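Just one chain is shown here, as structure tokens, and it is the form deposited in one PDB entry.
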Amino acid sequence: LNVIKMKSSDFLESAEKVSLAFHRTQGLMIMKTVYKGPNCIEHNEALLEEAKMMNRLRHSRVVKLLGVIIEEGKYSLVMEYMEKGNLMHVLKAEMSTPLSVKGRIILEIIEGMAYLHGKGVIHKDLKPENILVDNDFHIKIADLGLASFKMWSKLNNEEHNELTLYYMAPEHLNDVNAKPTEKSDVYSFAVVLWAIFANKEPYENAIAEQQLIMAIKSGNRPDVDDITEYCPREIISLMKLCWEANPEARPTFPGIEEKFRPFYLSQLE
């Protein structure tokens, strides 16, 4: 389905920024309020078309943009509701996630990124907080930071509006000139891989941001010995392949899928 021009009145009053919302006739949804301030109707057509463009990225592992709210002095994006929150919340839950499910999660992240890259989309902000999980532990990739919503991100920072580095490729640390590439996303995926088996964030011993940044650029990586549960040797090799310093030596997501899928099916599923 295409993007719906929804209205603020469509949602139940819950006055008392991604939050849960209840559409009067459609049910639970996620709302990201982006702008609240003076009237800026000059940008409406530009904001709507960008939402239409983003809404065209349709894939089983990509979150759906259900609608937009474009009113006088109020602009919001309305997104599919993923009941279980983000991947890091799932990994830290009291109930353990079995290896078969972790393998499926990895495969689905690969499928989603292969789709996005095939559409010429570079995510640039891939991390557990942008990987959302539904009731059945299937995942969908999101862009909650608006890294790909150029127009909406600019709106979010217009001053008249009232309203992590662990997964960033080293070529981007301490460097604003560096333009992210598909290979930047592959590096982020490598660290997500580590997090999936560590059940936590990397670099817990880092003491200072400058220490952490200079260390990673010098070759430091998440502590593979820190994984406490069983992590298949193939997956350790995979993450090492994906966080290699030379970006052009990192594989593609289709290349990752070609070797991970048959391994998932014979060992993990």
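Rigid core here is just the name for the largest C-alpha set that superposes within 1.5 Å across the two forms. Numbering starts at 1 and runs along the sequence shown.
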One third of the other compared structures is the cut-off here: is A15 left unmodelled in that many or more?
yes
When the other entries of this protein are compared, is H160 unmodelled in at least a third of them?
yes
Would you mind checking whether any residues of the deposited sequence sit unmodelled between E16 and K17, and how many (none, 1 to 3, 4 to 9, 10 or more)?
4 to 9
In the deposited sequence, how many residues between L163 and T164 have no modelled coordinates (none, 1 to 3, 4 to 9, 10 or more)?
10 or more
Could you check which stretch, 153-161 or 115-123, carries the larger mean CA temperature factor in the entry?
153-161
If you average the CA temperature factors over each stretch, which comes out higher, 245-253 or 20-28?
20-28
Return the residue from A147, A169, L87, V191 that has the highest Cα B-factor in the entry.
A147
According to the deposited entry, which of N55, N39, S237, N220 has the largest Cα B-factor?
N39
Position of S96 among the chain's modelled residues by C-alpha B-factor, lowest, middle or highest third
highest
Assigned third (lowest, middle, highest) for the C-alpha B factor of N177:
highest
According to the PDB entry, is the CA B factor of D134 in the bottom, middle or top third of its chain, that is, lowest, middle or highest?
middle
If you rank the chain by CA B-factor, which third does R233 end up in: lowest, middle or highest?
highest
Just say lowest, middle or highest third for the CA B-factor of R61 relative to the other modelled residues in its chain.
lowest
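From this point on, the text means the form deposited in another entry, which you will not see here.
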Among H59, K217, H43, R221, the C-alpha that moves by 2 angstroms or more between this form and the one not shown, rigid core fixed, is that of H43
